[PDB]
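Input: one structure, supplied below.
To keep things simple, chains are lettered A, B, C, D, E, F, G, H and I as they appear, and every chain counts its residues starting from 1.
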Amino acid sequence: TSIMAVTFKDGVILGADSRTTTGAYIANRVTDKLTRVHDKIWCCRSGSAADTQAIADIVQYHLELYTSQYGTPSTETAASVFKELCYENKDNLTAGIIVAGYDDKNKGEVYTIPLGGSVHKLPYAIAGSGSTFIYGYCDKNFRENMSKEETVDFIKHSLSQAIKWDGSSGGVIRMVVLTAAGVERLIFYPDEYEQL
Amino acid sequence: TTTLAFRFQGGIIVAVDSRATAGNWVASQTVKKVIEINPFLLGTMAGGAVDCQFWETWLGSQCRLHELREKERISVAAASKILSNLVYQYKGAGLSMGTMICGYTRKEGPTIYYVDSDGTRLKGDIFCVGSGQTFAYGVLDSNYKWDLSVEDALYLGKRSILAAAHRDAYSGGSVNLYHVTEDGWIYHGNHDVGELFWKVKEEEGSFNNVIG
Amino acid sequence: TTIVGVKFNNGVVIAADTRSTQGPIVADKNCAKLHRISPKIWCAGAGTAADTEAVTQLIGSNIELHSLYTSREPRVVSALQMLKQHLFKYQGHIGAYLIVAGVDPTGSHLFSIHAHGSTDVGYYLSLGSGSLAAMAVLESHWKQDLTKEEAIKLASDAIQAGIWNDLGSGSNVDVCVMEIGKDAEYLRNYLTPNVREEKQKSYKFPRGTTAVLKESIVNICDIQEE
Amino acid sequence: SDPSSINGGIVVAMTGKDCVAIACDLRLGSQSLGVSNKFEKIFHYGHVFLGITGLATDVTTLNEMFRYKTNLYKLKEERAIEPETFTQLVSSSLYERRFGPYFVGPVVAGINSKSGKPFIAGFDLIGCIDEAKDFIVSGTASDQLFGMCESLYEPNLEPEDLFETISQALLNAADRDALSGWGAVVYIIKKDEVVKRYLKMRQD
Amino acid sequence: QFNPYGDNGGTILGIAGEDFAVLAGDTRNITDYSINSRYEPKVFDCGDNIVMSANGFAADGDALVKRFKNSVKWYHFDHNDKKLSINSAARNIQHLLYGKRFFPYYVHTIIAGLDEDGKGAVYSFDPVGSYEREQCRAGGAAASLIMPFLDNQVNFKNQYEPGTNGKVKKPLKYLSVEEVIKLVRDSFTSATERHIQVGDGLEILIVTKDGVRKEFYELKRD
Amino acid sequence: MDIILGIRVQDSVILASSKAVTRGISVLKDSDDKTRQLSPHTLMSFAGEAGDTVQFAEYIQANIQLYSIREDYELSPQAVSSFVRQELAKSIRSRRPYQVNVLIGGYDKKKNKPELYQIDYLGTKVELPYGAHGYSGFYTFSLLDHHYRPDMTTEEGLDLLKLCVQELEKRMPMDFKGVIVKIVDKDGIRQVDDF
Amino acid sequence: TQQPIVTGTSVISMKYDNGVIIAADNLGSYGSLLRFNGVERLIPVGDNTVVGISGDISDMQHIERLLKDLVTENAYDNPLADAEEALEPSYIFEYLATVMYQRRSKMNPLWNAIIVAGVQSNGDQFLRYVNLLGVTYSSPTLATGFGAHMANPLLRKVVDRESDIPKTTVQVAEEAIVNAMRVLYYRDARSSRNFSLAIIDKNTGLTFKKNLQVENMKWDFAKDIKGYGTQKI
Amino acid sequence: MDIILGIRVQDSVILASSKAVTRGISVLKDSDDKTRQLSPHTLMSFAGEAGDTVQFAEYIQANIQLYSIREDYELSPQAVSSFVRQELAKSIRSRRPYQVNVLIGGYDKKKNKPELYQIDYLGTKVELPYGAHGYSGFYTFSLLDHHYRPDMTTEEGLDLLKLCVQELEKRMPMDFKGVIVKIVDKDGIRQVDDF
Amino acid sequence: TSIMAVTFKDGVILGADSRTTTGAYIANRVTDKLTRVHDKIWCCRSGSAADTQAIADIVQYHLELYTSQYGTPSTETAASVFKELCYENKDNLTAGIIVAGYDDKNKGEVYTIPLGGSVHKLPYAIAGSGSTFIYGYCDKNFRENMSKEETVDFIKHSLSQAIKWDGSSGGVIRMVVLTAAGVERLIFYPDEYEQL
């Protein structure tokens, strides 16, 4: 799995591959790992598909019930709910989740939640098996306050490499853009990103 | 550990050793392996030190409560069965016990019960329990009679422990003697094996193998 | 065990503590961990005591025969090569962890050797259970162009760090200095900061306190004449 | 299971003024079962004494081995082996079985016939030499012996005082060990006389 | 796998005199081959003229001492400020230890004080609660080094009277507080020499009818 | 196999050895002689793993008989016992060790003394007044400690041996089907046919 | 029972004449991967205590929340929350020490080694250690993980016993701490160059220093080192 | 414990049960009665793990005696055996199962027929003419297959039982110290004191 | 360990970190992992220090004896000798070696020999635990026929990142330049490469 979330000037963008594997067999080559827990709070999922789905479903339920009582939750609040589930059930879960959201007050924010259940607020985050191969590239090429087009290119090039080297990662590169303008879905096919 | 108890004309003889070990390390040579449950009941201790201690002094509390409630001395059968039923509840948990419950009552006469952490409860005339039980059995079985004097019975029990104290590496220290009648038990002294061995060897003419 | 080696201006110095242990028991309080491979090649040993002794004697023996064969004074690299190839062959089962030092016609040298047969070069080195305490001192106080007096001080201070802070190390500090164009000086018990205090009581017994069964003269002499 | 504590037993050696002392218990057992109370663990080759604790079959085998080697040594050298030399021979012999060792704890004791200097030495089961000035211990009650020796011992003891110290060190150590005891022997060694004493101790 | 137990080393020693009792223990605290503290008190005054030490795994040791001190407090509340006798303290500790029979306090407990006749008393415990009154007891890492020395020098074992040759034993004469402290100090000096987990400092608590007194001595720090 | 005993008296050595051969579930034989005559005045009883016991005993027997023919001379019990110990001490570090424990009862014609040696499969030799292998000693040594006197006659030795066998028959779980008793003295080796 | 995932390495500390110093690097490792480079492992509680935590970072963050909650709870119905009834280092430690031992006793430990450094009401220095097993001890110098093996030897050369504490100034103590951090950077494969340092003085209060770096490092001698024995080029 | 046998003849059921109680190394008792009377015409013998055997037997005994008092009526052997089976069938899926095998010999006074039931610790019940638990059956069933004719008298049953015990004493390794024999018929339960 | 060899216009350059670790303890912080088997045939060593030293020593012996009989060996020949040792003793070795050399005929060549004992001739190669983090960076930034200065910058930046992320890697960045001009050793210290 190759997933990443990157903050930029206008907000935040989530990116992911589309490969689900049972050993070396690709069970699903068009998976959607970018999932919605609230209107402008999404998450990237890595690890167990069952665990991350079960978690994401529960979080969406919590934020829906939060919204009905206290209005729109912050991205920090969403990350906290994810953390509470991942930390308290650490013995029985295998989930690496990146939480990304857009407030008007806080703008684009990214929280990463690795296996342990710890939370880390970052400018950008990378995760999944394929992330190991792009630490060098991402560290060297990331800048703060990038444009939308620059951030899309940064994510596209990064996940392109992660896919190239990691067998567990592949298929299409899905992306979700979170700004004041709204929610935009982007897709990029092998013929496009492989020649980069 | 070597503990024995046997029925005879003059009641019951109880004899035990005094050693406690942790592996090859001799932890103590002055252990009281006989519990004075009341003026009429004795319990022997073998296996796990604490398990035997804790639950046999607990047994004394249950026996006291019985005679408070029933206005009558508890039977050896009832007392032994309280302990065996207790350890049976703990079966599998890892308790380690080999015990004789010895006493005299009017209805029963002199009685001995072997009680065990596996739940075994056996009535009998002679019992030897512990790592050195086989050594004690040899002397006992070849010299036992119903018609023994309190003096001769006491010596046989003392001698049988000595036999085991010598050969069994996990037995020794000293010998505690008890004699149980219908007026209660009677303590018959602590006998250091370091002095008893040379005394018995000289007087009895035994242990000709060893040089003294 | 704490063993160290320190390079200096005109040579090299090695040092060691003197504690040997079997589990939590001290087997020897004044153990000799500095071994002589040749007159001007000495090494300190950590790990299994019999192995550090045996592997040193063997290589030291072969080094002597090699020196006689070639009519040349032995080199540290020769001892190093012979030790590593021997240890590698035995795949770490010979538990010898060595700091090899010395002076030869090439110059002064300092190496470390591990049980699996890997070697390392350095100006300052430390091995054993107290190597972390020692290396902390070496990393704090080492510099280039040390004098002989400064190198001995640094080496013994590094051993002391092991003695005091590592339970696997203790007692005394042994040192051996190997300077170029000079005899190697072996300073056995260079420091002695762990002498036992006087006991409160004398436990000398009154004669006849122990009970005896038999007495006899043992014949240690040979069969006699006449 | 552990070979070094199947049979049980102990050896201790000490140095005094112009003398050495070596002592051992007499027990041989099969774990809990006591089998023999006459199993001596101290042997001698000329004026060099060797005590051996550990697995009894190896104790016997090594005694027979060192008798073998010291007898050939004497025929070729035309003199008795010395304690310092014998110590090196034991170390050599044990280490040649590095990866299939004799399960023993040897202890050398004696006086160099030429210099007159008292000598003692200990070894692990694979040959490492422990050449102590004061004392050497070995066996299943080695910890106990270390404690006794470390407190009771003082340097330059006269032969008859040294006897009392080593005897009390052995006896009280053995009494805290299940696999040691059943009698004891003490050798007092001087340059040209050796006295062997059997001690009276508790037989449990 | 998580291992809930550890070994903090150390060694303790209790000796009962004729009208006094001492409970000594080194002040070194360790894990593996590292020293945690050169002065970490191990022997504690628990009130009612009772001193206690639970040697072994320090976390279980501190927990037990803490719970016993607590038991002394509640004994006063529940029984009209009655003094907890040393024998009663010992039995109470047996139940504390056995309460965790199947997940034991991994410690070697010793308490010291005076019995109800004013004589010196030392009680010794195993980890699971079996106990016994003794005249002499060493516990912990170097217990195997010290106990044989105490059998010889406190109870005069294997010692006989000169001239009689094994016939007459050495009489069991009583030891003064000054004589006991000498044996304690020599025990720990010797234990320090041959045991790596023993050293740094020795702290002795002396119990008499007058109260609890402390004495501290330096030990080798290697 | 199971129980083998030995007792050295004034002028002879007596070896008692069980007759049972049990293979797991069933007792296949109740008249098995667990002994071999090594020489006219030396007898060896044995007990251990199946096959190994007889294979070892017969191998030792052959070697001693070979020695006897070569030198036209009977080895002392001490010498034979030392030879046997070395074979077992050699065996224990082999690929597949002999799993055999033995008792060697012999009469030394030179010293006019009976001798009993106990040797286990590790090569652990001891000379004893009375000995046993396996669980036998646990019951019998206490009796022998009490009753044995070294000036005993052969008849007194047999009575003391009966007391040992009776105790074993009372307290041991396994039915060893009685023992075959053999006496070794100055006149050689003979079997007590009624025991 | 668990296994630690994201981990923090050594926490080192020592006493000096007027207070205590504590330090810890800013790294959150993920096995051999040096994953997170901006993790604060010194967490102040009031203006008189700093808790330094090593080991599992998720469990650290849990402990951080407990301490934050402890301050909140202490303020409740407490007019002297910022005075006589303020939280003491000894109170904070004993609380943690209770939790650590309880958790190990339920076989579900907080996988940490903790050092509570602070100054008490009466001006006394407080420095005590606790870990996942509930083991506690105090000493003039305390360190966790690799610090125990490498820092303590260096710090004990400054304060070897109790009587050395009044003789040690804050400048000498800080110098020793900063040197120890450098040594750990040389030798600990799970350490970072960036660290935080905290000083709790009885006169000048709590000084919390962020974004410190290991400097004055010796590497030049590396150029002379060639091969592993016989190689000359 | 070890050997328990059962044989149903014309007008009675005969249960034979060993007297030995062994703990590992030693035979602690040689007169142990491994049976309990559940009702005047129903006897249960038992063998299995120590403690569990007696605890179970006495628990069953108490329950049947309770039933007898409540209804003033004796349950049929078939009914008792079914109750016992259910307890064991319940037991086998417990936290700690009863490790006990039993034989239930009873005389049904209504049908005037002897009945023998064999039940193992799993709760496996079978009605048989003759039965056994443990290794006993391996030796005895062949003899019973040959000699059992179903119309035998009680005296013929005892003779056939002696032939079983003799075979066991010959071929089994363990010394079970003989058997206590008990007969269950129309007149109730009695013990054969000489066997 | 972070090691790499890169061919360029004038020849080839080998690069390596200097960290040797026993678990988390750095046994040696100034290790030389660039080792010489012939005048202009060197190798990078990763994995077991003992195994790679033993191998390298044997190879140097073989090439010295080859030279005495048949003159200067090719880089391919050197790689073959390495392979023969690593392949035939694969069960008992833990060695990841990169062989790099300069002929006048063949110019700069790089052969990588992973755990299995297989040989792979490449334009450039990366290996060691720290290489995982720079696959993305190196693939994106490598060009053929670079200059000496460009290749030094490529290796310096690459190993800088590998060191930054890998705990097993660190210390100084050593480099060895192989050209017709000769053999040049380069060193780069933390203060230089960390700020990149």
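As a convention for this text, a residue touches a chain if its C-beta (ideal position, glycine included) is under 8 Å from a C-beta of that chain, and two chains touch if they have at least 3 such contacts.
Protein names from UniProt, one per chain: A, I = Proteasome subunit beta type-1; B = Proteasome subunit beta type-5; C = Proteasome subunit beta type-2; D = Proteasome subunit beta type-3; E = Proteasome subunit beta type-6; F, H = Proteasome subunit beta type-4; G = Proteasome subunit beta type-7.
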Statement: More Cb-Cb contact pairs, comparing G-I against B-E, go to G-I
Task: Taking the mean of all protein CA atoms as the centre, name the chain whose own CA mean is closest to it.
output: E
Task: Starting from the mean Cα coordinates of chain C and chain G, work out the distance between those two points in Å.
output: 36
- prompt: CA centre of chain C versus CA centre of chain H: separation in Å?
  reply: 76
- line: Cα centre of chain F to Cα centre of chain I, whole Å, reads 72
- line: Per the C-alpha means, the centres of chain D and chain G lie apart by a whole-Å value of 52
- line: Residue ranges of chain C touching at least 2 other chains are 25, 84, 118-122, 132, 164-165, 199, 203, 205-207, 209-214
Message: Give the residues of chain H touching no fewer than two other chains, as numbers and ranges.
response: 25-26
Task: Among the residues of chain B, pick out those that touch two or more other chains and give their numbers.
output: 25, 134, 137, 166-167, 207, 209, 211-212
- prompt: Tell me, which parts of chain F touch chain B in their complex?
  reply: 128-130, 135, 138-150, 163, 166-167, 170-171
- prompt: chain D touches which residues of chain B in the complex?
  reply: 19, 21, 23-26, 29, 131, 165-173, 193-194, 197-198, 207, 209-212
Field: Contact set on chain G toward chain I in their complex
entry: 29, 32-34, 146, 186-190, 193, 217, 219-223, 225-228, 231, 233
Query: For chain B, which residues are in contact with chain H within the complex?
result: 84, 88, 91-92, 114, 116, 118-122, 124, 127-128, 133-134, 137
Message: Which stretch or stretches of chain D touch chain F in the complex?
response: 7, 28, 30, 33, 35-36, 38-39, 55-57, 60-61, 100
